[PDB]
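What follows is a set of notes on a single structure, which appears directly below.
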Amino acid sequence: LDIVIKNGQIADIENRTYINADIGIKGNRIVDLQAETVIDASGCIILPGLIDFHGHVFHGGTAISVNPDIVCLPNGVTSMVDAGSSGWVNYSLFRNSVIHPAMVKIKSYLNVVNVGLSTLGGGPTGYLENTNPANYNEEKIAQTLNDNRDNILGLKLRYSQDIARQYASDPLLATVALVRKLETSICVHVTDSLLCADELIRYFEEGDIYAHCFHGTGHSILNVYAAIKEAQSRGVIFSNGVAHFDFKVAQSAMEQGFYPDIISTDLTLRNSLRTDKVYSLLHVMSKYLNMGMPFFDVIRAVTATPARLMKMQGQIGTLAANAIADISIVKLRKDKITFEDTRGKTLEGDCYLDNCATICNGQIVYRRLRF
Amino acid sequence: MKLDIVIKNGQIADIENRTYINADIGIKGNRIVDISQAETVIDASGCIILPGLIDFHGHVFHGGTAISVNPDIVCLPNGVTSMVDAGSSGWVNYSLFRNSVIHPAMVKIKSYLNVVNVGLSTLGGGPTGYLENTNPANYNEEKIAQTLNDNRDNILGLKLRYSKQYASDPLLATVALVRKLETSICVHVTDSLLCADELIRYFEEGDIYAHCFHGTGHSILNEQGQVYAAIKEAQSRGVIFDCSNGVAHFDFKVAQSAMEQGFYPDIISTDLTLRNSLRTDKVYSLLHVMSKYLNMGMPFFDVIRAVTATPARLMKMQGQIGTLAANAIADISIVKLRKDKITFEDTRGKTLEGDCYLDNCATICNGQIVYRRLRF
Amino acid sequence: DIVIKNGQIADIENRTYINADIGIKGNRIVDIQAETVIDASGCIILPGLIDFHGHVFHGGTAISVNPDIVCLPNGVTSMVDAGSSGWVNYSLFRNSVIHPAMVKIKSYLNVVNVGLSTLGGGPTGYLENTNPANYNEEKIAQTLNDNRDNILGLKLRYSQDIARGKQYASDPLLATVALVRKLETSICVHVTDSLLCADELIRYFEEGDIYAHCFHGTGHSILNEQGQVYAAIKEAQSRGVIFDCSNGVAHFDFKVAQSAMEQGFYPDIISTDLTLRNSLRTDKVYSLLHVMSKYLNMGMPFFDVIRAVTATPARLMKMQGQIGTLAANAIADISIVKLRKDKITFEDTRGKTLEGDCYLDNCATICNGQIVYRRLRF
Amino acid sequence: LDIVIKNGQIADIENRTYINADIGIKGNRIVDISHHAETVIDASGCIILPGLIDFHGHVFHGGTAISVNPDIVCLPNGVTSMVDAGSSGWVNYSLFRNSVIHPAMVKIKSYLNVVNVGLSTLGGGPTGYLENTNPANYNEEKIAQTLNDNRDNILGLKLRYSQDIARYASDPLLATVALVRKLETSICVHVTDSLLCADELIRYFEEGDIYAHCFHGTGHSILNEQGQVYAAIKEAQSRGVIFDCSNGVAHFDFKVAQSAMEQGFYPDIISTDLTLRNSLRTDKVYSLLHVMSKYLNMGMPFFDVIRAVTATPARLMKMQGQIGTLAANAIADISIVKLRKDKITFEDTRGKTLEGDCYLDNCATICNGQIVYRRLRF
Ligand SMILES: [Zn+2]
Ligand SMILES: [Zn+2]
Ligand SMILES: [Zn+2]
Ligand SMILES: [Zn+2]
């Protein structure tokens, strides 16, 4: 036995309980007693290796992306999904130079645009991507997708009104048409869309990601809405950036009982370890704790739920035996901490989640001397 | 002191004396040794021995762009051992291009850094591709300056293609950045808003006027059909002129008119892309473009010079490559001049039937035999 | 779109040539007005050639070559690396060589932790350590399972000189075979100067395993004391044991090969044992085309040479139908070769020469539907 | 201004004082704001150090078994620049450079190991084996080709000179030292369990050469028969021979360290011998900050510990003024630490333990002008 974690509280997302037991690690697998290394996790909660489902981590190919193996592991994140940073032109290089050598397990959505989001970033000198259906290379998209079905979960398209404010057709209608023909899912930046929520939501199906559901910049999900709630119960999964979160939509929607199925960060160089809006995934989870979301439901939105969407159920996002030894050891801390949205509205919280140790593929990649 | 490779019985091309030398070349390691007996002996009987050719305008950011090729795959078997990427990458994707292509590659690649954020990553799929954004409103100077300063051992300057409602002029803004950051420029300058008489006034010694024989819009010829005075004056000062025979950057009428008036390119290159590599009758390879110029009345030792010594100078590598002299890097291309009817095409469709073509039979790169026909 | 016109297809199954045109769309062959037309008049149109024992972990080993550079011009588009990498460096080999390369590369994982990284630079190189006491069974198992799509088994080099003197714990062959059996995989073994006789040796091999350097003729060959192929060697080939004539610089003997082919024993795989020392350099190995041309001038039928570098290894690489064939929907890996007439000498390990009269000369190479080598006139 | 760190305390290594001051970062450089941003870091009650420098780490991950990725495990504990102590040799250096050094955020210099494969054979448990240091296998043409084509990164040659390694044709130290001198560079030597004595072995060291594991006490230590530091050792530090304590799991003796410091011999450089086995794990090595804390609790002044991990290593990497300093126009490599009071155990090779009452804890890390680690509450 290579590592043992003793004296901790395991969060059992299945039953909403805290289990008093040790974790066993041999190789890169959690197993079911002497151990070469013993971790003392007293007062800590043992979580599965966290999964940030909407990030941008094609560093070197874009200006906005960060290296997840450098900034995410120390805050408990061991797996990520890239939200269409790459397109068919640069996906293979993204896979060969980032995904394959990274320790953070990275999945991805292929962007409709061929170069992805490489044009945004670097400040205001950056420019928006070209979402014109006239420049969709369907032959290359299908080729990239079919040769990489084990890493690309779907197609990513950003549908903000400003990206197209004179195209041949509507970028959504054309994308969703491609997605259906290619038998795959879609993920849509919906902030400031040309259509209203009651109209866009008719284009989504079981497995598709309606991202930044709580944005409220333009047509929000509030008049809440009944077609969105129907789509959520049909199988449509529902990313705080610097502009894609509004407290008024979030407080209202959750007051009415609507909850996001996935919590993400839209992690960028601009909002990594730096704002009161994103900072880290833990910071984003901590806001939902102080916004009334139940703890075991926050944990589900960053472990079990995305790990099924990445088609990795039982492999990650769980502390079961035979799972990858991806463990995040956190302590819930009581301190005054402020959360901000797009409009500048603040919320003063009483607690935040602080990561004290990270184990990735059975290796101690992060461990404070004293938790 | 035991030699590693000897190429014997070949005709060595001395570009400086414009003559051939009948002697053997010695190689120990990755260096050329003076043989004024080895592990491996190559018989260049009936062959001309060139230094490793240098393609000065190719696009070789494979993986990061849609138009590039891999030089290690398609360029070594046709004699080319060094290359310069003409702005495939911008400040966003350069360091990836240098880490994932340049550093692992064998073909020595120097580069020009495009001013656009993403370089030329945006064109390529065919009709679905689209042109790059040269808006000076999107020039990240602090990023361009950071990329240039941290990689002055590789970036020779900035590339711009000069052919929406921008803020400034791309060429004026770029030359301003180029001059401010104290480096050189390279301009596509095909279908330009200004006549060649005006545009050339901003070029300096070591700058690159690319696609000089393009003949699509304002060419290097006046309405009388003669090479502009300032164009000739520019080359006298030190401005470099490069043909880069693309699929739409070469016209027969302009090229034929310039060389009869005594205007010969300083650089012969290809604008090599996956579309024009080993495929067309316009930019088939560097040897195909060189062969086009032999069949055009360009002296042999001038065509070689335009792909060996002139580029090796502009990449700040005099004596290291582009030559077969002692202590040079062992980049050797062994060729035969073969006689056969071969047709060259231009952007307009005009055709020229030629008599011969250059044919590579062997390539030594960094002292290693990377291409060697069994019988030359 | 590429169409290759006026060519001759080799049919390894029906052992005849066929005048037909090959069609390319995307990266796959289709069943036949194209963007690019290639005049292959007076040419044999082969599948992309497959070199089964090469050493291609460049950057990590001193002996390896970059297959994208030196192999594609000679018709080879797929290769298998005969154990240059061990469990220590396989992932680096896969990420820095295999994934970005254009030549499709499967591999055998060396049983030694670091592989053959110590075996180059000339005489200063030294033999790898095949002591079973230094096998990391857990790391070998881990590397195999997390990469079962690219690793076809374990590679062992089993010369007397490797273990001679160095007092190893157990016998490397018995240990590596035991591990290969326990791990439900296959083995590939350098057999040159093996301690055991071929009749004894071959009793450890099973269907799908590789007997590398079958014509090595240094020590215990596949010939008995009267010059005949052992009946056990012959029975093993029938069971499924794949015999491979890896033409090293010291792994081929004309007297053993000629005898074996006189008695009807033909190697199932023709390969090079390609290293930076024997690539484009010698008279023993030079290219895959060179080694095949030796067997052509040695009496082996052409359609059986072609199969031993196409259909057979593609099956062992578990890629049947995608490569090693020109059938529709296979990957567009195409080699255009010409049968050239010229005096050519082939040398073996001891210096025995054979003056042949023909060799195969590659003229154009298609890889993943892309022209990557094309003589302007061939 | 991009980043300013308010309310901290720089540590002046020259004047041996602490100054409450602010740090300004623009782009990737520390700017001078001494006479008056986009992000403000509250460093209340923290010591503002430069990015720490670990001088003997093993970070050729992928190509070795003992190496860690410094980008993952070293940045969050304050390290932004490292030197690899001969994990790679001439065979695998360029792959080490292209696949780790070039793409890494941590700035990694290196020493080339005289062994061809470096330390790739080490680790993975007891199944690993010692590298081959026989001078008969030194490839001097390749070592010289590698160094001279990579002199901006290779600071010298590394040899591990223990008896258990060579227990050969010539003495590896004598041969290595000679090669170093002929090649005109510096050397670095694991001086643990060596054949020669400390006074005898030090006579081969010039200025800029590293005497690794100076406090090892395993076999021949820097202490004579009377428990006193050798005069020739003391004379060498005067000349400019750098003594690095490293540490690791077997190269640190508490008796030797305590004696040699009681007589005024303090190590010029403090490092870890960081490996996959001693990273974040033992009570011996754990991190640089853990090792520095052991030296803090051992009676070493704070400015000397900080110097031995800031200025002194940055000098031997030929990078004075770019890293290891907070001066204006240095690389924006900042470490923000607190000196926590707590009961912490320190262990040495032989098991001897020393209980301390403090240790350094890293709360934020800035690398090349980017926040790569920042606790929400320091
Ligand atoms: Zn996004
Ligand atoms: Zn161009
Ligand atoms: Zn072999
Ligand atoms: Zn060490």
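Every chain in the structure tokens has a letter given in the order shown (A, B, ...), and although residue numbers restart at 1 in each chain, ligands are simply numbered from 1 in the order shown.
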
Residues of chain C within 7 Å of chain D, counting only C-alpha atoms, as a CSV table (one decimal) with N, CA, C and O atoms, in the first residue's frame:
chain,number,residue,atom,x,y,z
C,59,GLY,N,16.0,10.6,-30.1
C,59,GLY,CA,16.1,11.5,-29.0
C,59,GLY,C,16.3,10.8,-27.6
C,59,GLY,O,16.9,11.3,-26.7
C,60,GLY,N,15.8,9.6,-27.5
C,60,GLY,CA,15.9,8.8,-26.3
C,60,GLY,C,16.9,7.7,-26.4
C,60,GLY,O,17.4,7.2,-25.3
C,61,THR,N,17.1,7.2,-27.6
C,61,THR,CA,18.2,6.2,-27.8
C,61,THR,C,19.2,6.7,-28.8
C,61,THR,O,18.9,7.6,-29.6
C,62,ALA,N,20.4,6.2,-28.7
C,62,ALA,CA,21.5,6.6,-29.6
C,62,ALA,C,21.3,5.9,-31.0
C,62,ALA,O,21.9,6.4,-32.0
C,88,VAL,N,10.3,2.8,-18.2
C,88,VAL,CA,10.7,4.1,-17.7
C,88,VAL,C,10.4,5.2,-18.7
C,88,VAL,O,9.9,6.3,-18.4
C,89,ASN,N,10.7,5.0,-20.0
C,89,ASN,CA,10.7,6.0,-21.0
C,89,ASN,C,9.7,5.8,-22.1
C,89,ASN,O,9.6,6.5,-23.1
C,91,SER,N,6.4,6.2,-22.2
C,91,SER,CA,5.4,7.3,-22.3
C,91,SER,C,6.0,8.5,-23.0
C,91,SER,O,5.4,9.2,-23.8
C,92,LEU,N,7.3,8.8,-22.7
C,92,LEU,CA,8.0,9.9,-23.5
C,92,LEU,C,8.2,9.5,-24.9
C,92,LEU,O,8.0,10.3,-25.8
C,113,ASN,N,14.2,-1.8,-18.0
C,113,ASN,CA,13.5,-0.6,-17.6
C,113,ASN,C,13.7,0.6,-18.5
C,113,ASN,O,12.8,1.3,-18.8
C,114,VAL,N,14.9,0.7,-19.0
C,114,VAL,CA,15.3,1.9,-19.9
C,114,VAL,C,15.4,1.4,-21.4
C,114,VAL,O,15.7,2.3,-22.2
C,117,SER,N,18.6,2.2,-24.7
C,117,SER,CA,19.2,3.5,-24.7
C,117,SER,C,20.7,3.5,-24.5
C,117,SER,O,21.4,4.5,-24.7
C,118,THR,N,21.3,2.4,-24.0
C,118,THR,CA,22.7,2.3,-23.7
C,118,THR,C,23.5,1.7,-24.8
C,118,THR,O,24.7,1.5,-24.6
C,124,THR,N,31.8,2.7,-27.6
C,124,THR,CA,31.6,3.2,-26.2
C,124,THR,C,30.3,2.7,-25.6
C,124,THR,O,30.1,2.7,-24.4
C,125,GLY,N,29.3,2.4,-26.4
C,125,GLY,CA,28.0,1.9,-25.9
C,125,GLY,C,28.2,0.6,-25.2
C,125,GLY,O,29.2,-0.2,-25.5
C,133,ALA,N,16.2,-9.8,-11.9
C,133,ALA,CA,16.1,-9.2,-10.6
C,133,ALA,C,15.8,-7.7,-10.7
C,133,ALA,O,15.4,-7.1,-9.7
C,134,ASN,N,16.0,-7.1,-11.9
C,134,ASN,CA,15.7,-5.7,-12.1
C,134,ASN,C,14.4,-5.5,-13.0
C,134,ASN,O,14.2,-4.4,-13.5
C,135,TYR,N,13.6,-6.5,-13.2
C,135,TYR,CA,12.3,-6.4,-13.8
C,135,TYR,C,11.4,-5.8,-12.8
C,135,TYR,O,11.2,-6.3,-11.7
C,136,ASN,N,10.7,-4.7,-13.2
C,136,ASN,CA,9.7,-4.1,-12.4
C,136,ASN,C,8.3,-4.6,-12.9
C,136,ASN,O,7.7,-4.0,-13.8

Select, as number ranges by chain, those residues of chain C with any atom no more than 7 Å from chain B (distances computed using only C-alpha atoms). C: 36, 68-70, 73, 280-281, 371-374

Env. residues ligand 1 / 8 Å / only C-alpha atoms and all ligand atoms / as a PyMOL selection string: chain A and resi 54-56+83-85+158+189+239+241+266-267

Using only C-alpha atoms, find the one residue out of A:353, A:164, A:11, A:98 that sits nearest to residue A:327.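 Smallest separation from residue A:327 among the options: A:11.
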
Pull out every residue of chain A that has at least one atom within 12 Å of chain C, counting only C-alpha atoms, and report them as a compact mmCIF listing (two decimals) with N, CA, C and O atoms, in the first residue's frame.
# COMPACT_ATOMS: atom_id res chain seq x y z
N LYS A 26 -2.96 2.25 -4.02
CA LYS A 26 -1.86 1.43 -4.51
C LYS A 26 -1.69 1.71 -5.99
O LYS A 26 -2.66 1.61 -6.75
N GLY A 27 -0.48 2.06 -6.40
CA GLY A 27 -0.28 2.49 -7.77
C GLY A 27 -1.03 3.78 -8.01
O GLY A 27 -0.94 4.73 -7.21
N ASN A 28 -1.78 3.84 -9.11
CA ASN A 28 -2.63 4.98 -9.41
C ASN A 28 -4.11 4.69 -9.15
O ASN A 28 -4.97 5.43 -9.64
N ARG A 29 -4.41 3.63 -8.40
CA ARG A 29 -5.78 3.20 -8.17
C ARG A 29 -6.13 3.27 -6.69
O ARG A 29 -5.30 2.92 -5.84
N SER A 92 -5.29 18.71 -32.93
CA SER A 92 -4.31 17.64 -32.80
C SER A 92 -3.06 18.13 -32.08
O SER A 92 -2.45 17.40 -31.28
N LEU A 93 -2.66 19.37 -32.34
CA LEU A 93 -1.53 19.96 -31.62
C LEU A 93 -1.89 20.19 -30.16
O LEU A 93 -1.08 19.95 -29.26
N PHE A 94 -3.11 20.67 -29.91
CA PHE A 94 -3.62 20.76 -28.54
C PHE A 94 -3.55 19.41 -27.83
O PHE A 94 -3.03 19.31 -26.72
N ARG A 95 -4.04 18.36 -28.49
CA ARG A 95 -3.99 17.03 -27.88
C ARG A 95 -2.56 16.56 -27.68
O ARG A 95 -2.21 16.03 -26.62
N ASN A 96 -1.70 16.77 -28.69
CA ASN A 96 -0.34 16.23 -28.63
C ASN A 96 0.56 17.01 -27.69
O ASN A 96 1.48 16.42 -27.10
N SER A 97 0.35 18.32 -27.54
CA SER A 97 1.24 19.15 -26.75
C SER A 97 0.70 19.50 -25.37
O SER A 97 1.49 19.88 -24.50
N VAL A 98 -0.61 19.41 -25.15
CA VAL A 98 -1.21 19.72 -23.86
C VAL A 98 -1.81 18.47 -23.21
O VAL A 98 -1.37 18.04 -22.14
N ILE A 99 -2.79 17.85 -23.86
CA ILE A 99 -3.55 16.76 -23.25
C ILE A 99 -2.64 15.58 -22.92
O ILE A 99 -2.55 15.15 -21.76
N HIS A 100 -1.96 15.03 -23.92
CA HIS A 100 -1.13 13.85 -23.70
C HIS A 100 -0.07 14.03 -22.62
O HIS A 100 0.07 13.14 -21.77
N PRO A 101 0.69 15.13 -22.58
CA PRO A 101 1.70 15.27 -21.51
C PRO A 101 1.17 15.81 -20.19
O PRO A 101 1.91 15.77 -19.20
N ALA A 102 -0.06 16.32 -20.14
CA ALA A 102 -0.59 16.87 -18.90
C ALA A 102 -0.89 15.76 -17.90
O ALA A 102 -1.26 14.64 -18.26
N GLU A 139 -16.01 18.71 -43.48
CA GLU A 139 -15.19 17.54 -43.76
C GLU A 139 -14.07 17.39 -42.73
O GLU A 139 -13.79 16.28 -42.27
N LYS A 140 -13.44 18.50 -42.35
CA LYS A 140 -12.37 18.45 -41.36
C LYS A 140 -12.91 18.26 -39.94
O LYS A 140 -12.26 17.61 -39.12
N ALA A 142 -15.70 16.55 -39.01
CA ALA A 142 -16.00 15.13 -38.88
C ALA A 142 -14.73 14.30 -38.77
O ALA A 142 -14.68 13.33 -38.00
N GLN A 143 -13.69 14.67 -39.52
CA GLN A 143 -12.43 13.93 -39.45
C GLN A 143 -11.80 14.04 -38.07
O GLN A 143 -11.42 13.03 -37.47
N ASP A 147 -11.79 10.65 -35.53
CA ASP A 147 -10.49 10.13 -35.14
C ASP A 147 -10.15 10.41 -33.69
O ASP A 147 -9.07 10.00 -33.23
